[PDB]
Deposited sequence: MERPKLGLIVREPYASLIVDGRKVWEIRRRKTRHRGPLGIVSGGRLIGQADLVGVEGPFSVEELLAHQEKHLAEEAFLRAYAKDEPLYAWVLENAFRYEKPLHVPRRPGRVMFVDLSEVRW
């Protein structure tokens, strides 16, 4: 919880819409079992975060999103939460 250890690359305008609390469903072609803080990375910057609370397209559900006062810079892991 709190700060995220992992971030998701999201292109604008979506990234912004997410961290400003305007977009609550991020669409993806795969599910994921990640839960909790999820950093939002766009244009090589960590601009904020959201809480991934639940989940041919899928809708990742975000809650409590907010934009950091100042965009953190960056500097990948393969999500294995859906492995069988």
What portions of the deposited sequence, indexed from 1, have no corresponding C-alpha atom in the structure?
-> 56-85, 106-111, 121
